[PDB]
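Student: quick check, what structure comes out for this input:
(16 chains)
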Number of protein chains: 16
Amino acid sequence: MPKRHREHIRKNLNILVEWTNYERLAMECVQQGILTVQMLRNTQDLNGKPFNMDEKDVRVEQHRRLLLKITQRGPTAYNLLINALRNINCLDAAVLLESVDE
Amino acid sequence: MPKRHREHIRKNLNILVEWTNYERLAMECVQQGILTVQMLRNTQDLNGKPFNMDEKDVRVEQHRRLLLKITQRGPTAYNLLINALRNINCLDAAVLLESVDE
Amino acid sequence: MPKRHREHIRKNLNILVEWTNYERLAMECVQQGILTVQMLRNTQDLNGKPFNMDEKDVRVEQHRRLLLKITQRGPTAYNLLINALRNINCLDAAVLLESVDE
Amino acid sequence: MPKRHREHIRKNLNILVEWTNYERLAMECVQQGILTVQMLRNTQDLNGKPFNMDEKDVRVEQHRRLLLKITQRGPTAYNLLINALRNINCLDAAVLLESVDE
Amino acid sequence: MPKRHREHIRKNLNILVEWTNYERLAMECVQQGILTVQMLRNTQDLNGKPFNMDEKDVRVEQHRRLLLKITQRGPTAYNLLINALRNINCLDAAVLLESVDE
Amino acid sequence: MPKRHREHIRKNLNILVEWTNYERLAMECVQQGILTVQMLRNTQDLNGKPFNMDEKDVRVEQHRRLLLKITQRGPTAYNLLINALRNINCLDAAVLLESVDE
Amino acid sequence: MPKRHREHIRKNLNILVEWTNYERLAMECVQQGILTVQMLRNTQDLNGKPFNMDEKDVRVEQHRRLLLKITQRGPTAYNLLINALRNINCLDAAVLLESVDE
Amino acid sequence: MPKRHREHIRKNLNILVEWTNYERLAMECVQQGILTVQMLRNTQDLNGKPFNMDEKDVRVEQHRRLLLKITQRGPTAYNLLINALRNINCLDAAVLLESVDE
Amino acid sequence: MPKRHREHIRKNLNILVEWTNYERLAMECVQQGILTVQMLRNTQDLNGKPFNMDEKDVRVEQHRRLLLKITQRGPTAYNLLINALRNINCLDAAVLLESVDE
Amino acid sequence: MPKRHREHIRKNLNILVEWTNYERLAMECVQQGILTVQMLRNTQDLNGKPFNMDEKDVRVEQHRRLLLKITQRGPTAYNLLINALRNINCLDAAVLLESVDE
Amino acid sequence: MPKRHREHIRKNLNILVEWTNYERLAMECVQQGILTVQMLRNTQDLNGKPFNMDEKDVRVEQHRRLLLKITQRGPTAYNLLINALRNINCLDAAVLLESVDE
Amino acid sequence: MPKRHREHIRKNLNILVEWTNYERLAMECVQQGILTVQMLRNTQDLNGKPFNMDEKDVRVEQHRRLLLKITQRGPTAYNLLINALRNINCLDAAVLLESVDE
Amino acid sequence: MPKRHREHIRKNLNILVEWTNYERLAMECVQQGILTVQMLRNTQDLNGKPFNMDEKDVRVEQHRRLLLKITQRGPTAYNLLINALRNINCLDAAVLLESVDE
Amino acid sequence: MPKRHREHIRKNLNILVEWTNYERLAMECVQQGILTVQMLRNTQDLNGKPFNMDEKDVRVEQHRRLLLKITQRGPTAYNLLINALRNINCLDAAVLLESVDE
Amino acid sequence: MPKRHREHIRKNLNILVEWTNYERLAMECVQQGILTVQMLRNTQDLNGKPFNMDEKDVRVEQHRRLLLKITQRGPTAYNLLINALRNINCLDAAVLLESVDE
Amino acid sequence: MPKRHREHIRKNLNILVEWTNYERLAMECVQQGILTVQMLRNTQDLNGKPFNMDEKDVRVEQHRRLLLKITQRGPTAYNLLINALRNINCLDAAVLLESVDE
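Tutor: Numbering: from 1, shown residues only, chains lettered A, B, ... in the order given. Let me share the structure:
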């Protein structure tokens, strides 16, 4: 997708990784029409070293690894994520991801 | 300031009211070169009825009343708030408030 | 989607209703990112009178009711159905549905 | 005949080899004003090795060898085959062979 | 077909009705891809009154009724008749029917 | 005379050599204002070897040698022959010789 | 034929009626490809009253009636008469009839 | 005088040498305002050898030598001779000499 | 002839009537190709009353009546009279009649 | 004076030397405003040899020598001589000398 | 003659009437080619009343009446008088009468 | 002053030296606003040799030497002299000196 | 800020350092939204040698060091200082600092 | 003088009334080439009521009345006052009065 | 003379009436080529009432009446007076009267 | 000041040095706003040698040295001197110094 889009979710990868539940997001995004049993695996999992890292901080990394792969996708990725998140019921981040346009 | 700016802080008045401490913001914003002992009073305080409302929810309203008045201000209001927040050390919202441009 | 597309699946609604398994199609199309537990219900089911009609001829009607709703959809509907059918492994109808273009 | 025509019957040589009876087609096509006692012989027959191949699969090959020779013909070949097939009463393939135009 | 064609076979309906055998023509023309069991019937037969007319003169009328119906046909009718007659082996009339062009 | 004229009587030298009596033609053509006691002699006669050839086939050759010399003539040759033949009462060949024009 | 031609043979109808023998002319002109057993009759004969007129003067009138009818004819009439007279061996009048041109 | 004039009396030197009396012409032409006692002498006389030639044929030569000298003259020679001959009362040659014009 | 010519011989009708002998002129002018036994009569003679007039003065009048009629003539009249007078050997008046030109 | 003037009196030096009395001219011309006791002397006299010449012919020469000197003069010479001669009462030469103009 | 000429001799009629002898002028001017026995009479004489006037003053008036008549004359009058006076040997007035030009 | 002025008084230095008294002129010209006790001295006097010359002829020379010096002067010299002379009461020379203009 | 601004406060650094109290200015300017605990320190303090300098003259130097740093600032520096001074209640210098514009 | 000048000394009438001694100014300004014993009187004096006003405040008013009258003056008034003040040795106000330009 | 000249001697009629002696001027100006025994009288004298006026003041008036009349004169009046005064040896007023030009 | 100004007071330095009292001028000119205790000293005094020169002639030199220095001055020098002299009450020289303009 465009340049001004990757930069968006890039810097704002914290708010989006915070307000949306990840279970409710991952299982839905794959579910949405984007990634697959393979993609979400590699995204949801990590390098393996992350084990050094305490519990609080692995789910957040995961969730942060998600949007990076979603951004990876085809140009709808915006229109895909905005809707998926419209359903996750994280409207306050759907705005975040959409308002930069218009 | 411009139209596309009021709409920004308008819809995204939750993220900004969340990540930035309000004490550290109010006492700094007034401190910044914007509002005054009078402004911040009327903003920090509310109608009076808010008393019906429990503790959790009055500080959040307050903080949400702040950005509305900041938005009220002169066209720097952007460049004012982005910096004030650069100091509040809520960088993850300074981005939010800035990234919509560029 | 375009006019020359509805006419396509319209007249050629027999070949497409024949070569593709319906189970493998319905459960996949809904699955694909098109219709929903509601859509496929109303499509997979019929008016109710169809009961007059013998077994051979209700599944064929069903399957024929599917493509009509798929055609109903947004302009990808082509690009959606061509791929869904690329997976159903009814390539000899994916061609049918695609070859009219190019 | 044109390029976009050979490609048509080429990829869609299965549907056309399926829905139309071959007897009713061969004896009619030659009969139609296309091939001859010589053509249809060489088309209806094959290399000779096809003997390795079981019954189901030789008539289908034959029938598939027909359209290839029909395609071989002069530019009417379309308008010839569409009509011949209009008579074979395989309308659902006459459509197939025609609908790509218009 | 064109005007200058009907006039041709019109005035020159004697030479063409003379040099070509009619059996070898009728059974071939129908055979050719022009008329049908119905056409050739009505052409080969006549009003019924022709009975007044002696044998010599009914076959000639018949044969003369043929070219009139052939002329009746679609614009190939020229290119159809020239070839059919190329086979009847009445080359000396195929010339007649062709030479007016070029 | 023109090119498209020699080609005419050339290929159609059979019909014209058939329908018109030769006596009634030769004695009239010379008579017409074309050839002379010398021309018609050399045309009506032949090389001398023609003797190998049976009766049926010498008069036909003769008659066929006539039109070749008539064609030889000045540009009226058309308008000359068409009229001469209008008198020979071989109208069905006068047409032949004329209809190629107009 | 043209105007300046009728005027020619008109005024110079004496020289032409004098130098050319009439027998050798009449029997040749008709013979030439101009008039007919009917024309030459009416020309060679006269009204009937000419009987008042002596022998010398009826043949001269006749001969003078000839050129008038020859002039009557089609535009070759010049080119016809000049040649006919080239044969009559009245060259000294063929010149007369030709020299006015060129 | 012009070219097309010398050619006239040149070829038509017989008719003019025939119809006009020579006495009535010579004695008048000189008389007319053209030649002189010297000219007409040399014209009326000849080389001297003409003696070989019989009577009929010397006066005709003479008379034929006249028009040649008249033609020799100045451009009126036409308008001179036409009038002189208008008087000689050989009108039927005055026409001859004039009609080529107009 | 032109205007400036009549005026010439008009005023200068004395010199011309003086230097040229009249016998040698009259008998020559008529002789020249101008007037006739009739003209010269009426010119050479006079009204009849001239009888009142003595001898000296009638020949002079006559001679003066001549040039008036010569002037009367066709446009050569100049070129006619100049030459006639060139012969009369009245050169000193031929000059007179010519010199006004050039 | 002009060229066409010297030529005039030049060729017409006879008429002018004839009709005008010389006494009445010389004594008047000098008298007129042209020549002088010196000019007229040399003109009226001659070379001296003229003595060979008889009386008739010396006065005529003299008189002829006059006009030559008058012509010699300034451009009026025309307008001078025409008037002088208008007085000499040789009007019939004043015309001569004038009429060439106009 | 021109205007600027009459004005000249008009105002300067004293100098010119003074320096030139009148006898030597009158008898010369008439003599010159201007006036006549009649003109000079009427100029040289006067009204008749001049008798009142003494001798000195009548010759001066006379002489003054001369130039007035000379001025009266044709346009040479200048070129006439300048020369006449060039001879009278009144050069000092010839200058007067000429110098106004150039 | 101009050229055409010096030439004037130059040639006409006699009339002007005659009609105007010199005393009345010299004593006035100097008096006028032109020359001076020095100028008029050298003008009124002469070389000294003039003594050879008799009385009549020295005053005239003097007076003639005056106008030469007056002419010598500035461009008014005309307008100066014309007026000075208008006073000297030699009007008949004031005219002389003025009339050449206008 | 602009050039014509630095020159302003530069030359007029005395009036501005005089009329505005420094305490009321420093503590307000820093307070205003310009300098900081660091800036005002280095400005309010000096090199250290200033100790040679008596009391009167160090506060004045200080105050004079202030405006130099204020001038140092961003282009508002004008609009900043004019307002800060509008509050210091040194209006008579706010004018000074503003009036140079407009 | 210009508008932007009156406004200058108008608002900045305090600084200028402060830094320049008035004695040293008044006695110099009048002295300068501006006002007069009359002007400075009316300026230096006041309405008369000023008596209500204490000593401090009358000299200041006076001095303030001065510049108002100086401003009143002709357009040099600037260039006059700037120099006068250059001498008063109030350079720090000469700047004030000048710096607004340039 | 011009306007800017009358104004000159008008206002500067004192200096000119002062520096130039009047005797030496009057007797010279009249003498110069300007006024006359009549002019200078009326100028040098006055109305008659001037008698009221003492001696000092009548000569000055006189002298002042002079230049007024000199100014009255023709356009040289400048060039006349400047020179006259160049001689009066009042150079310091000749300058006055001249310097206004150039 | 301009060129045409220095030349003015230059040549007319006598009239101006005469009519204006010097005391009343010097003490006023310096007084005027031009020179100074230094200028007027050096102008009012001289080289020192002037002592050779008698009293009458030193004050005049002085006064003449003044205008030279006044001329020296800035371009008003005209407008300065004209007014200063308007006060000196030497109006008759103020005119002198002004009238050269306008």
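
Student: list of residues touching the longest helix that chain A contains?
Tutor: Longest helix of chain A, by residue count under DSSP state H: helix A:56-72. With contact meaning Cβ atoms under 8 Å, 6 or more residues apart in numbering or on different chains, helix A:56-72 is reached by A:1, A:5-6, A:9-10, A:13-14, A:16-17, A:20, A:22, A:25-26, A:29, A:34-35, A:39-40, A:43-44, A:46, A:50, A:53, A:77, A:80-81. Just so you know, the C-beta spots here come from the backbone N, C-alpha and C atoms, and that holds for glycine as well.

Student: which of the residues you listed are buried?
Tutor: A:1, A:5, A:9, A:13-14, A:16-17, A:20, A:22, A:25-26, A:29, A:34-35, A:39-40, A:43-44, A:77, A:80-81 (16 or more other Cβ atoms under 10 Å in any protein chain shown).

Student: how close does the most centrally placed residue in chain A sit to residue C:102?
Tutor: Central residue of chain A (Cα atoms, centre = their mean): residue A:67, 2.5 Å from the mean position. For residue A:67, the distance to residue C:102 equals 36 Å [Cβ to Cβ, to the nearest Å].

Student: what of residue A:68?
Tutor: In this structure, residue A:68 and residue C:102 are 35 Å apart, going by Cβ to Cβ.

Student: the more surrounded of those two?
Tutor: Per other Cβ atoms under 10 Å in any protein chain shown, whichever of residue A:68 and residue C:102 has more neighbours is residue A:68, with 14 against 7.

Student: quickly find the element holding the closest residue to chain P within chain A.
Tutor: Chain A approaches chain P most closely through residue A:4 (67.3 Å), counting by Cβ to the nearest Cβ. Assessed by DSSP states H and E, residue A:4 sits inside helix A:3-11.

Student: over to residue A:31?
Tutor: Assigned by DSSP H and E, residue A:31 falls within helix A:23-32.

Student: I'd like the next helix or strand past that helix.
Tutor: helix A:39-44.

Student: which residues sit against that next one?
Tutor: A:26, A:29-30, A:35, A:62, A:65-66, A:68-69.

Student: quick one: the helix or strand that the longest helix of chain A is followed by to chain centroid distance?
Tutor: Toward the C-terminus, helix A:56-72 is succeeded by helix A:77-88 as the next helix or strand (DSSP H and E). Between the centre of helix A:77-88 and the centre of its chain there are 10 Å (Cα atoms, centre = their mean, to the nearest Å).

Student: next one: stretch A:61-77
Tutor: Mean-position distance between stretch A:61-77 and its chain equals 5 Å (Cα atoms, centre = their mean).

Student: quote the end-to-end distance of stretch A:25-42.
Tutor: Distance between the boundary residues of stretch A:25-42 (Cα to Cα, to the nearest Å) amounts to 15 Å.

Student: before we move on, the earlier item: which of the contacts of helix A:39-44 lies closest to residue N:96?
Tutor: Using Cβ to Cβ, residue A:68 is the member of those that lies nearest residue N:96, at 64.6 Å.

Student: residue contacts, the one residue in chain A that gets nearest to chain I?
Tutor: Closest contact between chain A and chain I, by Cβ to the nearest Cβ, is at residue A:2 (103.5 Å). Neighbouring residues of residue A:2 by Cβ under 8 Å, 6+ apart: residue A:75.
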